[PDB]
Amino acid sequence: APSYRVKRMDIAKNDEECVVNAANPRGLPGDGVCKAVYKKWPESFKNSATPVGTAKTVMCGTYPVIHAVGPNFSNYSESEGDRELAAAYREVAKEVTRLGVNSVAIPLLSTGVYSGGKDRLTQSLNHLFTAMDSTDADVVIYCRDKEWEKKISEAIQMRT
């Protein structure tokens, strides 16, 4: 029976069969979540470029890294950002399904330096659920904040 779970830890130390990188559309290393991911799976950055609202898988040995590009809300309108954020999660669901994995480690896309300085915990998490509800993978959501951990945990709890 597939679960959602949340872990307050470095996604680069995930115990899942594949990882989602919070990527830039240029396929560049970056800083934060992308940094740790670059350090752990640097070969996965070969031709990792993919447009905003898309996801592209690059293998690191046999370990899949799914580079998912949420929108930078600084650059987008609220309505266009929302569309691109939903689309990115949909493409994650497709790659997870295509790869046949039993589990996936996923961050909340567009909630850090791409948030346009807004709290998008609820917006981003609900787009993740919409996409991942049609898959059979165990989903483990990674965050850093102690609060976010609690709010994500409660939103998981009150669907079950």
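From 1 onward, residues are counted along the sequence shown. The term rigid core refers to the maximal set of C-alpha atoms that superpose within 1.5 Å between the two forms.
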**Study point:** Between stretches 29 to 37 and 62 to 70, more displaced by Cα RMS in 6 other deposited structures of this protein (rigid core superposition)
**Key:** 29 to 37
**Study point:** 57 to 65 versus 29 to 37 - which carries the larger mean C-alpha B factor in the record
**Key:** 29 to 37
Exercise for review: Could you check the entry and say whether 66 to 74 or 114 to 122 has the higher mean CA B-factor?
Suggested key: 114 to 122
Point to revise | Chain-relative CA temperature factor third for residue 51 | key: middle
Point to revise | Within-chain third of residue 138 by Cα B-factor, per the entry | key: middle
